[PDB]
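First, one chain by itself: the form deposited in one PDB entry, in structure tokens.
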């Protein structure tokens, strides 16, 4: 099973200037609970954007995709291709517009957080993958972040 997990603004924006352009502790919680105890796969830019304190992410097998000869990622496994990255029976892809796009054909689950903020796409943004009719989903109830953000969870699957 390969799953994708991401958080997006309604626009589809997931990253900008090497960071996630909102703060949502509830989503961090959600992400940790899905991914804990499992192999996680991320592109190297996502690895760079991890806060130093949680790089590598604790309690997970961190796998970092890089097309660069000897990229160094202390505490993670660096691999050079998707075939090498996607071999664990429960794999969560967490990381990168580029790596979402490339790994999606291998995926049978998506766990999506939608954040209800106005955030129009800009050139160079990292974007969420667009899901087609092969997928079926369930939509969760809208909620308010205990800070103020409105957000909701989606769970998609295909067989």
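Numbering follows the first chain given and starts at 1. We call the rigid core whatever largest set of C-alpha positions still superposes within 1.5 Å between the two forms.
Although not depicted, the form deposited in another entry is the subject of the following passage.
* Using the core for the fit, does the CA position of residue 130 change by 2 Å or more between this form and the one not shown? -> Where the cores coincide, residue 130 shows only a C-alpha shift between this form and the one not shown that is less than 2 Å.
- prompt: Quick one: core overlaid, is residue 37 moving 2 Å or more at the Cα between this form and the one not shown?
  reply: After core superposition, the displacement of the residue 37 C-alpha between this form and the one not shown stays below 2 Å, so no.
Worksheet entry | Shift of residue 105 between this form and the one not shown at or above 2 Å (CA, core fit) | No, the C-alpha moves less than 2 Å.
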